[PDB]
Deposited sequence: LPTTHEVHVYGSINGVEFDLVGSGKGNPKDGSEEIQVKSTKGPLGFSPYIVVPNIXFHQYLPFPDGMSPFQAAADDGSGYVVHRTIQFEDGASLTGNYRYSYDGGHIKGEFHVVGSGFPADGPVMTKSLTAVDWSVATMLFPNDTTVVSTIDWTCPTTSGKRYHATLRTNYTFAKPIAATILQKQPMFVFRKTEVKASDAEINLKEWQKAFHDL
C-alpha cells in the first residue's frame, strides 16, 4: 500500500512549456492525499487550478476493499492513465500518466498538454478561485479497464463557474479482481483545498468512493 509519493508534470499550455516537481503523502486507509509542487521554469502563466487533477488514486480504498487503482499499486503491476479535459471555453487539456512503485512510495511522471485557452479567459488571466467538489462516475467495461467521467467546475472571480468535462481511461497491466468488477458503477466524491503562489502549489485532497448511499 502507498504511503508517500512524488510527481513530475511537464508539457505545455498554449504552446508555452512548463515543468512542475514535488512530493507528498497519503493515507491508503481513507483516500486522503496531500502534495506540494514547485515550478522549475519560472512563474506559471496560467491558473494553478487546472493543474489540480494533474497533481494518485492508488490512495483510494473502496468500501468493501481496495480500489482497482490501489490494488494495482499494492500489486506493483500498476496502470497507465489517459485523461482528456474539455472546457466550455473550447480549450483542451490532455494528460498521460505513468507510475513507478517502490515499497509504499509512488513516483509519478505526468505529460500534460493544454491548448486553446482564450487569452482573456479565466485560465490565462488566473481568475479561477478554486476547484468545486466533484463526484466521478466509474465503470469497468472489461477486466483491464476503468473509465471515469466527471462534470467539473471552478468558480471564477466574477462569481460565475467555469465548466469542463473530464474523461479518464485507466489501462491496467493485470486483470482487476473479480470482486471489484462485480460492483458497478462506483462513484468517487472529491474535495480539494489549495494554497498557491506563482511558482508553488499546495494541495490537500479528500476522496471517498461509494456504490450506494
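**Student:** Tell me, which runs of residues in the deposited sequence have no coordinates at all?
**Tutor:** Gaps in the modelled chain, taken against the deposited sequence, amount to a single one at 56.
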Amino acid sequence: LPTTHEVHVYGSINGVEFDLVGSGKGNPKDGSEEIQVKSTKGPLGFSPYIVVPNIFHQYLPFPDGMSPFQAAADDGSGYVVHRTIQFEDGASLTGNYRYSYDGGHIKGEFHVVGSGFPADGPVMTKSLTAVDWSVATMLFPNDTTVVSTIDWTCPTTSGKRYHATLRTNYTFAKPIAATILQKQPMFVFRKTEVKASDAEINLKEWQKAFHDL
From here on, numbers count along this sequence of modelled residues.
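**Student:** Would you determine, from the values in the PDB entry, which of 125-133 and 99-107 has the greater average C-alpha temperature factor?
**Tutor:** Mean CA B-factor is higher for 99-107.
**Student:** Output the stretch having the higher mean C-alpha B factor in the entry; the candidates are 84-92 and 69-77.
**Tutor:** Result: 69-77.
**Student:** Taking the values straight from the PDB record, which of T168, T153, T145, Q182 has the highest C-alpha temperature factor?
**Tutor:** Of the options given, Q182 has the highest CA B-factor in the PDB entry.
**Student:** Checking the record values for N54, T149, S47, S32, which has the greatest CA B factor?
**Tutor:** If I rank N54, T149, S47, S32 by C-alpha B-factor, first place goes to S32.
**Student:** Splitting the chain's C-alpha B-factors into thirds, which one does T192 fall into?
**Tutor:** Within its chain, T192 is a middle-third residue by C-alpha B-factor, going by the deposited values.
**Student:** Would you check the entry's CA temperature factor for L60 and let me know if it's in the chain's lowest, middle or highest third?
**Tutor:** As the PDB entry reports it, the C-alpha B-factor of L60 lands in the middle third of its chain.
**Student:** Sorting the chain's modelled residues by C-alpha B-factor, tell me whether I13 ends up in the lowest, middle or highest third.
**Tutor:** Bottom third by C-alpha B-factor.
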